[PDB]
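A.B. asks: What would the 3D arrangement of this be:
(chains A and B)
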Amino acid sequence: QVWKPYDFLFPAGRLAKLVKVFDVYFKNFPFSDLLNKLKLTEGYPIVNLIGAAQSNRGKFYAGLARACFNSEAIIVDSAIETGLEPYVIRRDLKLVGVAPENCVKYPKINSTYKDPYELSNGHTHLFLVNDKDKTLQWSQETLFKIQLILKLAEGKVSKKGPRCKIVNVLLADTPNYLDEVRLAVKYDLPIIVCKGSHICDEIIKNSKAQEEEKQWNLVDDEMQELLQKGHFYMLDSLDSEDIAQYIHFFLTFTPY
Amino acid sequence: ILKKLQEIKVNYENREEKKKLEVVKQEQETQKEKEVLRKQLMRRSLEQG
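C.D. replies: Residues are numbered from 1 along each chain as shown, chains lettered A, B, ... in the order given. Next up is the structure itself:
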């Protein structure tokens, strides 16, 4: 058995579905059977958060959650606390976390100290991925995360229709964003670069600068090449209404 | 009469045997209940944190 589903109860929190994947490199992973068992069988619009971690973006996440609610979109992140959780819980949004099982901790009952890599309350579905040797690190789950996103957007094969729209939101609050951006560009997916992280602020600043004035101090050369090849959209706002308008636009229309 | 005396002896022994076993059985039954209760308690204390 390549995967096993569980009911996961967050301490003082919601009941989630937790799926352990025992081999992330398994050829032809049975996503159809997995998603049928989770009742995730419709095609859903997807908002994928790239490099999501704990950040001071509170009102921005309220706008993002509103746009996802109005579009019936599933949010996909890295299963750790981001500050989106209160808005997701209140609106009954589907929040899907994908993480390596070895890189995350299970929440402790009545713990006075939250670990920054603890699974956050608000996730409705958790995908904990492993290799055979249980040595998986951050970025190695990224291929599984994108394949899951593509299958969630396609839904059941019997629905003859185009897949639902997928938008990526580059937060870059963690340094491990590069592999996920590389895969998003490879699948021709739109990427919203959101203000608030040092990496995103540098990208936005350099997008407005003339070529001769561009200074890259934090962004790797590979990311600079990806910015020319991919569909990147700069959001120089932390306003809840501006992110909601961007997400709603990209979930409804493809501008390229 | 010898047969009747032997029946009376066997009935006395059987009545004596029939008391104590029931008492021991009640104590054995008396445990198990604590384990079931304690398992329910532990599950619910875990749910309540």
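A.B. asks: from here on, contacts and neighbour counts on C-alpha atoms
C.D. replies: Fine.
A.B. asks: nearest residue to residue A:174 other than its sequence neighbours?
C.D. replies: Spatially, and ignoring its direct neighbours in sequence, residue A:174 is nearest to residue A:51 (4.9 Å; CA to CA, 6 or more residues apart in numbering or on different chains).
A.B. asks: Contact partners for the closest residue to chain A within chain B?
C.D. replies: Distances between chain B and chain A by CA to the nearest CA are smallest at residue B:49, namely 5.3 Å. Residue B:49 makes contact with A:11, A:12, A:109, A:110, according to CA atoms under 8 Å, 6 or more residues apart in numbering or on different chains.
A.B. asks: ditto for residue A:213
C.D. replies: By CA under 8 Å, 6+ apart, the residues touching residue A:213 are residue A:206.
A.B. asks: For it, give me the backbone phi and psi.
C.D. replies: Main-chain dihedrals, residue A:213, degrees, to the nearest 10: phi -100, psi 0.
A.B. asks: State the number of residues packed around residue 25.
C.D. replies: Because you didn't say which chain, this covers chain A. Using other CA atoms under 10 Å in any protein chain shown, residue A:25 has 16 other residues around it.
A.B. asks: try again with chain B
C.D. replies: Around residue B:25 there are 10 other residues, counting by other CA under 10 Å.
A.B. asks: Can you show me the strands along the stretch 1-150 of chain A?
C.D. replies: Per DSSP state E, counting those that start in this stretch, the stretch 1-150 of chain A carries strands over the ranges A:3-9, A:15-21, A:46-50, A:74-77, A:95-100, A:125-129.
A.B. asks: neighbouring strands for the last one, and are they parallel or not?
C.D. replies: Meaning strand A:125-129. strand A:15-21 (parallel), strand A:95-100 (parallel) (DSSP bridges).
A.B. asks: Which among the strands of the stretch 1-150 of chain A is found nearest to residue A:32?
C.D. replies: strand A:3-9 (12.2 Å; CA to CA).
A.B. asks: for the closest one, packing partners?
C.D. replies: With contacts taken as 3 or more CA pairs under 8 Å, 6 or more residues apart in numbering or on different chains; DSSP states H and E, strand A:3-9 sits against strand A:15-21.
A.B. asks: if we can go back for a sec, which of the contacts of residue B:49 are close to chain B?
C.D. replies: Contacts with chain B within the contacts of residue B:49, counted by CA under 8 Å from any CA of the partner chain: A:11, A:12, A:109, A:110.
A.B. asks: For the residue in the stretch 1-150 of chain A positioned nearest to chain B, which residues are in contact?
C.D. replies: When distances are taken as CA to the nearest CA, the stretch 1-150 of chain A reaches nearest to chain B at residue A:109, 5.3 Å away. With contacts defined as CA under 8 Å, 6+ apart, residue A:109 is in contact with A:11, B:46, B:49.
A.B. asks: How far away from the center of its chain is the helix or strand harbouring residue B:45?
C.D. replies: Taking DSSP states H and E as the criterion, residue B:45 maps to helix B:2-47. Centroid displacement of helix B:2-47 relative to its chain, using CA atoms, centre = their mean, to the nearest Å, is 1 Å.
A.B. asks: quick check, that helix touching chain A?
C.D. replies: Yes. Helix B:2-47 is in contact with chain A by CA under 8 Å from any CA, via B:46, B:47.
A.B. asks: hmm, back to that, tell me the one of the ones next to chain B among the contacts of residue B:49 nearest residue A:60?
C.D. replies: Minimum distance to residue A:60 across these is 25.3 Å, recorded for residue A:12 (CA to CA).
A.B. asks: correct me, but that closest one touches residue B:48?
C.D. replies: Yes. Counting by CA atoms under 8 Å, residue A:12 touches residue B:48, with 7.0 Å between them.
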